[PDB]
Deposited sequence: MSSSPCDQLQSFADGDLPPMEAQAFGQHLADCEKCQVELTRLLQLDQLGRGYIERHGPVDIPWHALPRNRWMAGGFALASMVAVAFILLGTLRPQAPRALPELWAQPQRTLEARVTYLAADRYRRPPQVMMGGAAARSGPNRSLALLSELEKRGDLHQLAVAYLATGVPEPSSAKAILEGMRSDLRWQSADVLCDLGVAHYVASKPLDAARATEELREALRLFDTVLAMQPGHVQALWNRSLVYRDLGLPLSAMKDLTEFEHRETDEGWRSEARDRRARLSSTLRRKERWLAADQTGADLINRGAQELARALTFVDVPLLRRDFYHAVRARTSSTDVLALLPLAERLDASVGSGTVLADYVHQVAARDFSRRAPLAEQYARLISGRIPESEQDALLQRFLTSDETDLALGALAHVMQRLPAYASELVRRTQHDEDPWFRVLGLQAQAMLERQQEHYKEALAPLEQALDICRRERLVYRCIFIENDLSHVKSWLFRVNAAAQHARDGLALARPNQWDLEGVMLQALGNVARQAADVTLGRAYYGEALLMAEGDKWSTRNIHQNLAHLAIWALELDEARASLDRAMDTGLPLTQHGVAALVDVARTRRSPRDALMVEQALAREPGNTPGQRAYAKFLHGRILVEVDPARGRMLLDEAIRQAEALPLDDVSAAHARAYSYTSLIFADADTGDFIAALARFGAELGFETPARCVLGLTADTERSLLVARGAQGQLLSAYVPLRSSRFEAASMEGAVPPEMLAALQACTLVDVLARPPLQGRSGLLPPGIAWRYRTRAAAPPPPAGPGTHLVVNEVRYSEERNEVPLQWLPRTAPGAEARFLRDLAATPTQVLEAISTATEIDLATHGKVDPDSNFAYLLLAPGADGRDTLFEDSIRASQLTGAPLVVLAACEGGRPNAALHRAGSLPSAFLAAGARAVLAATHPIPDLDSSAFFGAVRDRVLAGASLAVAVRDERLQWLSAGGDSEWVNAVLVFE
């Protein structure tokens, strides 16, 4: 496999990146055809590495062909795995360039993941360092790119490559100029506060910096004389002119420049010392009460905004005192305080309205410092509500607002983007954003601890518990105690990598954050029990039991209480499995759902972080268990083949039907058991009683969707019950309102529509025909709220935040859903044969198993019929 002189003879390197092929990796000056015969020569001669590298690094790049060749090469041993993965990352990076930002982000993420893998299995890969610096630069993370280029010049030996890396790093180092300008602006604002109009000449050169408005607010309140407030007027006018036409900061100056300073002077200096931090925490409350009992309301607003971070009881006073403020700055501040007060009680959905109101106010009034905080809060709220798309959009908008001048706020917005990525389980981009924010937040200790806690959480998701341990140690090394986020990370990590200070640190962290709501108190009880249960079984078991009891006393809409109960049951199940008590494991499996576990023919599944449990009972009642205390990868691929050991499969092949109690997130997955075994997903103690009288079989088929939906209508030939009615909703009659009306009476429901999850809200819906309002969806919340009096057997074809769970909660006696695209109207035949079988007298699970066997034995599609799941 020789090299081709003609392919690499050009004096100019075609691409910025570096390929691993030796002849194509030699110093050629940076950028400003191939023959179908001589590429076929490389293909036939066995030199596929040069074939891919030629597809990438000469002529017009064609990253798709090189990508295909490199995926083919990944399963070969004649090539270094590091080189192949680096070239695949280069192909993804090259493919990223022509696309738009939304689509280029995915390719950049794939390239970054490949380069991270290469540098993890080869720390000194010079090509990977170069290409990862390029990828970081393309993601708007210049500091990470400079770090990579520094490591490159450490690791590179070629002179030309080192020189070009030095030039690229020098070009990238212009971000430090923005950092130093922000530092100068911050110091000028502090001097403006501390001296007034003496720093007026310098302050007027920082008007475009967003922080100058708040520093002007602080400066006006700290002046002990009327002459000083008059002297600050030019800055007020020039700040007003930079944001809009109307003057507000100059009216505030005239307002404070008339008050009797015989009473304001003792308080202006007190406010200045409070802002500067000279007031001790004990002394702060008396000064605050003195502020609130005076006629000087601006000092009260400033002090309340300064104090409410530690004492959220003053946020209510701040909200009251700026409901109708003539300054939009303080109106947005009050709306932000309202949103934070809503959040502290876990009313995140109710925290959205003041946030959007403040967003509109600050967007119209062109005040950027408050806009950045409002966008950060909106991103956090929507990420908590699992609206990752809108949260990411808000984070991007805030980052764009804060990028030119606000160095600290743009690091905050990078943290917001990392949080959005962490919610979406995006480890690579979350790590990239958080590392960039960590590089930007050097010296800061508060942001460092939060960044490291989030990095530990990201490592926990990726099952890199050593890196999570390291990042938790880094977070605690800042001298600040962890928060409940850090405590959750620690209780996930301290199980296998316990540290002598882990329990004591958890006690301190939960002492100061016990929880505002009863659900948060239950969650803190859970966390304490979870860390404690590993060391002291009796006390930790008691704490987990009482956390379960506390969570059971609150409504099911309490998110923290539900999390506390579910996680306490998970911890107790795995603590019973850890000591070898697998009877208690199944007992808890049953007890979580409210019914005693079946004595035979039952399977239970759990998987928390690095531990997996599959305990089952056979036909004779014998118990089998599959405990994996130390996992290496989370359950994925949406199909669980190989989870059940062959011994357990042999035990469960003697059962008439198997009740599978799959705890989340393992519920609703296909391929758990072979097609020869009849089984069901049991989620309730018993099914709703059958109705009396001939029912109305409802068929929703041939739905005419909207033009932009682009979905194929589905036909259905039903099998009505003896003496029943076939209530049909075809074409435009299959509206969400009519469907909701019909499903609440029908005893047999065949839904020949598509069940899709909302990409934004992550809520499953039923795609239906557009109604009068124009909506064409039936979200699962409307189904859960509805009641099904007929106890129907819902057949849910083409399903894909679970519709079967919603229908079961509504009142359906059983839901069988096909989690795969319909195989050309044979779905009707399959499900009708199943319905006839259950009408004969067989149970639902055994009937669907018999039909599965008769379907695979008749040459039918296997990928579809194996995805039909039975819920009861």
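- Residues of the deposited sequence that lack C-alpha coordinates fall in the stretches 1 to 96, 129 to 140, 909 to 919.
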